[PDB]
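Q: First the structure, which I've put down as structure tokens, then a few questions once you've had a look.
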Amino acid sequence: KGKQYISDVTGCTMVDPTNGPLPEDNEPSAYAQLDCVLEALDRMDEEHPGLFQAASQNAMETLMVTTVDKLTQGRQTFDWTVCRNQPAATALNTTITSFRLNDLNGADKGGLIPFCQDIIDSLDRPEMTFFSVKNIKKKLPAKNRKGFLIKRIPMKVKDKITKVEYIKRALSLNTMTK
Amino acid sequence: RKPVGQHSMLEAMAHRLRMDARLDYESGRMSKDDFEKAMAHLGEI
Amino acid sequence: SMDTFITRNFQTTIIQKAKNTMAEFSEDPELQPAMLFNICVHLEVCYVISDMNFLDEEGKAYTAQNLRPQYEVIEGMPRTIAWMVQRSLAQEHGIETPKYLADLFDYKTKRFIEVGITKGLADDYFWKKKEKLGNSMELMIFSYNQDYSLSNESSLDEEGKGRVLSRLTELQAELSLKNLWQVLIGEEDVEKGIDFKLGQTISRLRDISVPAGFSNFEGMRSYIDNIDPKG
Amino acid sequence: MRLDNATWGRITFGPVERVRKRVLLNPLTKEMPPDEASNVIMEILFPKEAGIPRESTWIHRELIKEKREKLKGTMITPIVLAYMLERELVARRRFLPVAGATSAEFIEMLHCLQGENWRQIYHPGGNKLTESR
Amino acid sequence: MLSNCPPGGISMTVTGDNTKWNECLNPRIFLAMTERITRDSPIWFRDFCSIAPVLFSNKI
RNA sequence: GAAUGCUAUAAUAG
RNA sequence: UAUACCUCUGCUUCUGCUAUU
RNA sequence: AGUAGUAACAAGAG
């Protein structure tokens, strides 16, 4: 019953319930009114004086110190380069390696902030390039009858995706069952 | 403990081994024949 | 300007080593190039002392195929590499590590050397850096007005002492030639605010991530900050 | 050794009001912050890769010297030696239900000290601090 | 909260649970929450915090 | 007569 | 084609966040 | 068949 519109970024069918018509029944509603939230937050701020800025301070000071390796501790993360789940530590690596190809070396600086700058910047890239491995046959000498052996060697190949295709992947969520 | 540095991994490894060798020579752990190879191999980096 | 000046005088080795050293402390090489020159000079002065200084198998100094110098450069090398070298030497020879990072170290003397370039007086600047060290490193201070103030045990030879004074007032003339000497005279001071600017794409996404009855994000920001929704 | 050179009193049945308080799980040789401990551990095992000498180095000079001499004769992996020293320098301080016994050497035996409806007298071994007395 | 009850009155406890919690809570509200909380923070940090909710509001 | 605040691969909880 | 009555595999056939730390 | 239960296994692959 909220505001339905088309996203001019992705072309997706966006629905917005906020500041919507109040419910007429006890069925679940997402139609939360901003003013009522802001008032509730104000009341909280009054009864807990100067906590918001106190927390915002500590949070901000924490960010400055926070390194990138902080992202290498969270089970299975969605990897946009291969469009399947990978271990958190590898998901980061794959993103860092791919970011370098598009001239994004914020991760090298060590802190989380410059890496984060690269993430929101990467959305502005017209095409995003990333490595994806392909196998190659190669003759190798051996104590064989014919005197050789074929073995498959992997080699990184540069794949491209468009501005939108990358954005959607960035905004993507992989689904499972609990 | 987590090693810190925005410089190259190779750079770090080179210097440490260079130092180790220099000190190993002057101390008397490493020989001249070995120290020849040490600095020679490190030169190739 | 200072930006194009350093390209002519100094090599790209000295440039990038100083830029990295300056980057570690999180200060922009281009926005504060006066501080870059200081470190550049600090590095070039240091590298000239250990250019042709070597040691033989017997254990004596000579002027130079062969690889084992008399001095060990510490300034220019990244923090953790520089400290590793400083600790490694101290432990091997058997002396206490200085609390502050050194610039050079003599293999024959077996002591740490602290270098310092100063604008005004050389002798007075020796006593400024005698407060922190005391007797930790053998200081070797130099200034631009052709003045030297070394420690009592000065290993620096008179021939080598000249090369410092040459470059001290070779580039000093080059700074006055192009009328860029006046750039370093002024007091350059500014804090490096951590800015985080949003691009075009993400900004558009934020504008469409707005509750109903809002044109763009700017509208939402002001509304939340300004208006009071009591009752 | 603390369990071995101990003495057990009597078990007693009756109501025990347990209070949930933040207590030390394991007796430390010397207590330090994580960072101070980490640097002390570095000085023992990995002198070269220590970094900037902190004043903390001088404060625990005898501990480092002592430990470095004791662990000198060994063929155990340094990473194991690291975590062992960390275990007896870094404090393990966590919330537990206690009832009249906060001392670590008591806490380590908290399971045998009491329940909700019973209490067992237990005397640890070795030494006990005068401040805790 | 027990003892501070008015004498000669009734203190009651609603053993509660919220159904369709994740399904109903909207990112755009969480964006508002950050903007309110980061009132007196510098402009970069206000914008930093605002991204995570914004991304969720356009999630696929 | 107090403190010292953190970071697991299990399990539970939401 | 076929080798193959052979060879390889037994969470990988998408397993999240947070707290107890 | 059966296990099982809002969708699967009851072998998969070179």
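Scheme for the structure tokens: letters A, B, ... for chains in order shown; per-chain residue numbers from 1; ligand numbers from 1 in order shown.
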Quick one: residues within 12 Å of residue 20 in chain B, only C-alpha atoms (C1' of nucleotides) counted, chain neighbours fewer than 4 positions away excluded, as a ChimeraX atom specification?

A: /B:13-16,24-30,35,38-39,42 /C:84-85,87-89,91-92 /D:48

Q: In Å, with one decimal, what is the gap from CA of residue 112 in chain D to CA of residue 4 in chain D?

A: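 These two atoms are separated by 14.4 Å.
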
Q: Quick one: DSSP strand (DSSP E) residues in range 66-210 of chain C, as a PyMOL selection string?

A: chain C and resi 104-106+111-118+138-143+147-150

Q: Generate the output file for the selected residues, C-alpha atoms, as a PDB file, in the first residue's frame.

A:
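To be explicit, this is the file written out as result.pdb:
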```pdb
ATOM      1  CA  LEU C 104      72.965   5.777  10.297  1.00  0.00           C
ATOM      2  CA  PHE C 105      75.226   3.201  12.006  1.00  0.00           C
ATOM      3  CA  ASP C 106      79.014   2.711  11.619  1.00  0.00           C
ATOM      4  CA  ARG C 111      77.813   3.041  17.540  1.00  0.00           C
ATOM      5  CA  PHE C 112      74.610   4.737  16.290  1.00  0.00           C
ATOM      6  CA  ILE C 113      74.725   8.078  14.415  1.00  0.00           C
ATOM      7  CA  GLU C 114      71.965  10.731  14.502  1.00  0.00           C
ATOM      8  CA  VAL C 115      71.778  13.235  11.602  1.00  0.00           C
ATOM      9  CA  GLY C 116      69.888  16.561  11.712  1.00  0.00           C
ATOM     10  CA  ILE C 117      69.555  19.338   9.110  1.00  0.00           C
ATOM     11  CA  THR C 118      68.751  22.797  10.557  1.00  0.00           C
ATOM     12  CA  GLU C 138      76.944  10.112  18.255  1.00  0.00           C
ATOM     13  CA  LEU C 139      75.207  13.227  16.826  1.00  0.00           C
ATOM     14  CA  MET C 140      76.279  14.787  13.488  1.00  0.00           C
ATOM     15  CA  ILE C 141      74.435  18.103  12.897  1.00  0.00           C
ATOM     16  CA  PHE C 142      74.758  20.302   9.758  1.00  0.00           C
ATOM     17  CA  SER C 143      73.285  23.663   8.609  1.00  0.00           C
ATOM     18  CA  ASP C 147      78.726  25.134   9.531  1.00  0.00           C
ATOM     19  CA  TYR C 148      79.521  21.685  11.010  1.00  0.00           C
ATOM     20  CA  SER C 149      79.059  20.403  14.592  1.00  0.00           C
ATOM     21  CA  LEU C 150      79.983  16.702  14.979  1.00  0.00           C
TER      22      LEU C 150
END
```

Q: So which residues touch range 2-14 of chain F within 9 Å, counting only C-alpha atoms (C1' of nucleotides), skipping near sequence neighbours fewer than 3 positions away, as a VMD selection string?

A: (chain D and resid 33 93 to 94) or (chain G and resid 18 to 21)

Q: Among chain D, which ones does DSSP assign to helix (DSSP H, G or I) (computed from the backbone)? Answer as a tab-separated table (two decimals) with N, CA, C and O atoms, in the first residue's frame.

A:
```
chain	number	residue	atom	x	y	z
D	34	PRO	N	46.69	-6.38	27.63
D	34	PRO	CA	47.05	-7.23	26.49
D	34	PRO	C	48.28	-6.72	25.72
D	34	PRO	O	49.16	-7.51	25.37
D	35	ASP	N	48.33	-5.40	25.49
D	35	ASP	CA	49.38	-4.75	24.70
D	35	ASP	C	50.72	-4.84	25.44
D	35	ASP	O	51.73	-5.20	24.83
D	36	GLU	N	50.72	-4.50	26.73
D	36	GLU	CA	51.91	-4.58	27.58
D	36	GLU	C	52.42	-6.03	27.63
D	36	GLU	O	53.62	-6.27	27.50
D	37	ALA	N	51.50	-6.99	27.81
D	37	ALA	CA	51.84	-8.41	27.85
D	37	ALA	C	52.45	-8.85	26.51
D	37	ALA	O	53.49	-9.53	26.48
D	38	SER	N	51.80	-8.45	25.41
D	38	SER	CA	52.20	-8.82	24.05
D	38	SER	C	53.66	-8.41	23.78
D	38	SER	O	54.41	-9.18	23.18
D	39	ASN	N	54.03	-7.21	24.22
D	39	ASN	CA	55.37	-6.66	24.02
D	39	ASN	C	56.39	-7.40	24.89
D	39	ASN	O	57.52	-7.63	24.47
D	40	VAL	N	55.97	-7.77	26.11
D	40	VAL	CA	56.81	-8.54	27.03
D	40	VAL	C	57.07	-9.92	26.43
D	40	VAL	O	58.19	-10.43	26.51
D	41	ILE	N	56.03	-10.52	25.84
D	41	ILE	CA	56.13	-11.83	25.18
D	41	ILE	C	57.10	-11.74	24.00
D	41	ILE	O	57.90	-12.65	23.77
D	42	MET	N	57.02	-10.63	23.25
D	42	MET	CA	57.87	-10.38	22.08
D	42	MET	C	59.35	-10.37	22.49
D	42	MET	O	60.17	-10.99	21.82
D	43	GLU	N	59.66	-9.68	23.58
D	43	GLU	CA	61.03	-9.51	24.06
D	43	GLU	C	61.65	-10.87	24.41
D	43	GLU	O	62.86	-11.06	24.25
D	44	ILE	N	60.82	-11.80	24.90
D	44	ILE	CA	61.27	-13.13	25.32
D	44	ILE	C	61.62	-13.98	24.08
D	44	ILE	O	62.72	-14.51	23.99
D	45	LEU	N	60.67	-14.08	23.14
D	45	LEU	CA	60.71	-15.07	22.07
D	45	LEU	C	61.32	-14.49	20.78
D	45	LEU	O	62.17	-15.13	20.16
D	55	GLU	N	58.46	1.75	27.61
D	55	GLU	CA	58.93	1.79	29.00
D	55	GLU	C	58.59	0.48	29.71
D	55	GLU	O	59.29	0.08	30.63
D	56	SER	N	57.51	-0.18	29.26
D	56	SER	CA	57.05	-1.46	29.80
D	56	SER	C	58.17	-2.52	29.76
D	56	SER	O	58.21	-3.40	30.62
D	57	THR	N	59.06	-2.44	28.76
D	57	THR	CA	60.19	-3.36	28.62
D	57	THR	C	61.06	-3.34	29.88
D	57	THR	O	61.45	-4.39	30.39
D	58	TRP	N	61.35	-2.13	30.38
D	58	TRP	CA	62.21	-1.93	31.54
D	58	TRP	C	61.52	-2.39	32.83
D	58	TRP	O	62.18	-2.87	33.75
D	59	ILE	N	60.19	-2.25	32.89
D	59	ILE	CA	59.40	-2.50	34.11
D	59	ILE	C	59.44	-4.00	34.44
D	59	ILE	O	59.55	-4.37	35.61
D	61	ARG	N	61.76	-6.19	33.35
D	61	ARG	CA	63.09	-6.57	32.89
D	61	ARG	C	63.51	-7.91	33.50
D	61	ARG	O	64.11	-8.74	32.81
D	62	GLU	N	63.18	-8.12	34.78
D	62	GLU	CA	63.57	-9.33	35.52
D	62	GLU	C	62.72	-10.52	35.06
D	62	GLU	O	63.22	-11.64	34.99
D	63	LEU	N	61.44	-10.27	34.74
D	63	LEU	CA	60.52	-11.32	34.28
D	63	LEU	C	61.00	-11.88	32.94
D	63	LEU	O	61.08	-13.10	32.75
D	64	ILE	N	61.31	-10.97	32.00
D	64	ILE	CA	61.81	-11.31	30.67
D	64	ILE	C	63.09	-12.15	30.83
D	64	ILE	O	63.18	-13.25	30.29
D	65	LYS	N	64.05	-11.61	31.58
D	65	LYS	CA	65.34	-12.25	31.85
D	65	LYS	C	65.11	-13.65	32.44
D	65	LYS	O	65.74	-14.62	31.99
D	66	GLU	N	64.22	-13.74	33.43
D	66	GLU	CA	63.91	-15.01	34.11
D	66	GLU	C	63.35	-16.01	33.09
D	66	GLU	O	63.88	-17.11	32.95
D	67	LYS	N	62.28	-15.61	32.40
D	67	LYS	CA	61.54	-16.48	31.48
D	67	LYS	C	62.45	-16.95	30.34
D	67	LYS	O	62.45	-18.13	29.98
D	68	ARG	N	63.23	-16.01	29.79
D	68	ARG	CA	64.11	-16.27	28.65
D	68	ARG	C	65.17	-17.31	29.02
D	68	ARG	O	65.58	-18.09	28.17
D	69	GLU	N	65.60	-17.31	30.29
D	69	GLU	CA	66.58	-18.29	30.79
D	69	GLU	C	65.91	-19.66	30.98
D	69	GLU	O	66.52	-20.69	30.71
D	70	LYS	N	64.65	-19.66	31.45
D	70	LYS	CA	63.91	-20.90	31.74
D	70	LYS	C	63.50	-21.59	30.43
D	70	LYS	O	63.57	-22.82	30.34
D	78	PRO	N	57.86	-22.18	19.04
D	78	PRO	CA	57.72	-20.86	19.69
D	78	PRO	C	56.28	-20.33	19.80
D	78	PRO	O	55.98	-19.60	20.74
D	79	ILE	N	55.43	-20.67	18.83
D	79	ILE	CA	54.03	-20.22	18.80
D	79	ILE	C	53.26	-20.80	20.00
D	79	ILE	O	52.34	-20.16	20.51
D	80	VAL	N	53.64	-22.01	20.43
D	80	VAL	CA	53.06	-22.66	21.61
D	80	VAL	C	53.57	-21.96	22.87
D	80	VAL	O	52.80	-21.68	23.79
D	81	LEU	N	54.87	-21.66	22.89
D	81	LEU	CA	55.52	-20.95	23.99
D	81	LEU	C	54.87	-19.57	24.15
D	81	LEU	O	54.72	-19.08	25.27
D	82	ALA	N	54.50	-18.94	23.03
D	82	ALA	CA	53.88	-17.62	23.02
D	82	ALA	C	52.54	-17.65	23.78
D	82	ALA	O	52.33	-16.84	24.69
D	83	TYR	N	51.67	-18.58	23.40
D	83	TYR	CA	50.31	-18.66	23.94
D	83	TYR	C	50.33	-19.11	25.41
D	83	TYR	O	49.43	-18.76	26.17
D	84	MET	N	51.36	-19.88	25.79
D	84	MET	CA	51.51	-20.34	27.18
D	84	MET	C	51.85	-19.16	28.09
D	84	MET	O	51.29	-19.04	29.19
D	85	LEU	N	52.76	-18.29	27.64
D	85	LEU	CA	53.13	-17.08	28.37
D	85	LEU	C	51.93	-16.13	28.43
D	85	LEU	O	51.67	-15.52	29.48
D	86	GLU	N	51.20	-16.04	27.32
D	86	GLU	CA	50.00	-15.20	27.22
D	86	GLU	C	48.95	-15.66	28.24
D	86	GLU	O	48.27	-14.84	28.85
D	87	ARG	N	48.86	-16.98	28.44
D	87	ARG	CA	47.90	-17.60	29.36
D	87	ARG	C	48.19	-17.15	30.80
D	87	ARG	O	47.26	-17.00	31.60
D	104	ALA	N	41.29	-16.27	42.36
D	104	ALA	CA	41.40	-17.10	41.15
D	104	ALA	C	41.59	-18.57	41.53
D	104	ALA	O	40.91	-19.45	40.99
D	105	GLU	N	42.50	-18.83	42.48
D	105	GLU	CA	42.83	-20.20	42.93
D	105	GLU	C	41.60	-20.88	43.54
D	105	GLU	O	41.56	-22.11	43.64
D	106	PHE	N	40.60	-20.08	43.95
D	106	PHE	CA	39.30	-20.59	44.37
D	106	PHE	C	38.37	-20.74	43.15
D	106	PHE	O	37.70	-21.75	43.00
D	107	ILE	N	38.35	-19.71	42.29
D	107	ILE	CA	37.48	-19.68	41.10
D	107	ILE	C	37.74	-20.91	40.22
D	107	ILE	O	36.80	-21.50	39.71
D	110	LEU	N	35.64	-23.58	41.19
D	110	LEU	CA	34.32	-23.03	41.54
D	110	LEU	C	33.24	-24.12	41.47
D	110	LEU	O	32.27	-24.08	42.23
D	111	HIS	N	33.42	-25.08	40.57
D	111	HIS	CA	32.43	-26.18	40.37
D	111	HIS	C	32.32	-27.04	41.63
D	111	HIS	O	31.22	-27.57	41.88
D	112	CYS	N	33.41	-27.18	42.38
D	112	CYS	CA	33.43	-28.02	43.59
D	112	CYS	C	33.24	-27.18	44.87
D	112	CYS	O	33.15	-27.75	45.96
D	113	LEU	N	33.18	-25.85	44.74
D	113	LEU	CA	33.10	-24.96	45.90
D	113	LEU	C	31.68	-24.94	46.46
D	113	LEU	O	31.50	-25.06	47.67
```

Q: Residue 10 in chain D: which residues within 9 Å, counting only C-alpha atoms (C1' of nucleotides), same-chain residues fewer than 6 positions away excluded, as a PDB file with N, CA, C and O atoms, in the first residue's frame?

A:
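Here's the written file selection.pdb:
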```
ATOM      1  N   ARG D 119      27.330 -26.434  49.943  1.00  0.00           N
ATOM      2  CA  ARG D 119      28.608 -25.724  50.007  1.00  0.00           C
ATOM      3  C   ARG D 119      29.691 -26.678  50.524  1.00  0.00           C
ATOM      4  O   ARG D 119      29.462 -27.417  51.471  1.00  0.00           O
ATOM      5  N   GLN D 120      30.868 -26.636  49.891  1.00  0.00           N
ATOM      6  CA  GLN D 120      32.007 -27.505  50.203  1.00  0.00           C
ATOM      7  C   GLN D 120      33.220 -26.630  50.546  1.00  0.00           C
ATOM      8  O   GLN D 120      33.592 -25.752  49.771  1.00  0.00           O
ATOM      9  N   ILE D 121      33.831 -26.888  51.708  1.00  0.00           N
ATOM     10  CA  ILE D 121      35.034 -26.179  52.151  1.00  0.00           C
ATOM     11  C   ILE D 121      36.246 -26.789  51.430  1.00  0.00           C
ATOM     12  O   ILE D 121      36.391 -28.013  51.382  1.00  0.00           O
ATOM     13  N   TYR D 122      37.110 -25.920  50.892  1.00  0.00           N
ATOM     14  CA  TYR D 122      38.282 -26.317  50.105  1.00  0.00           C
ATOM     15  C   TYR D 122      39.413 -25.311  50.346  1.00  0.00           C
ATOM     16  O   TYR D 122      39.190 -24.104  50.285  1.00  0.00           O
TER      17      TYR D 122
END
```
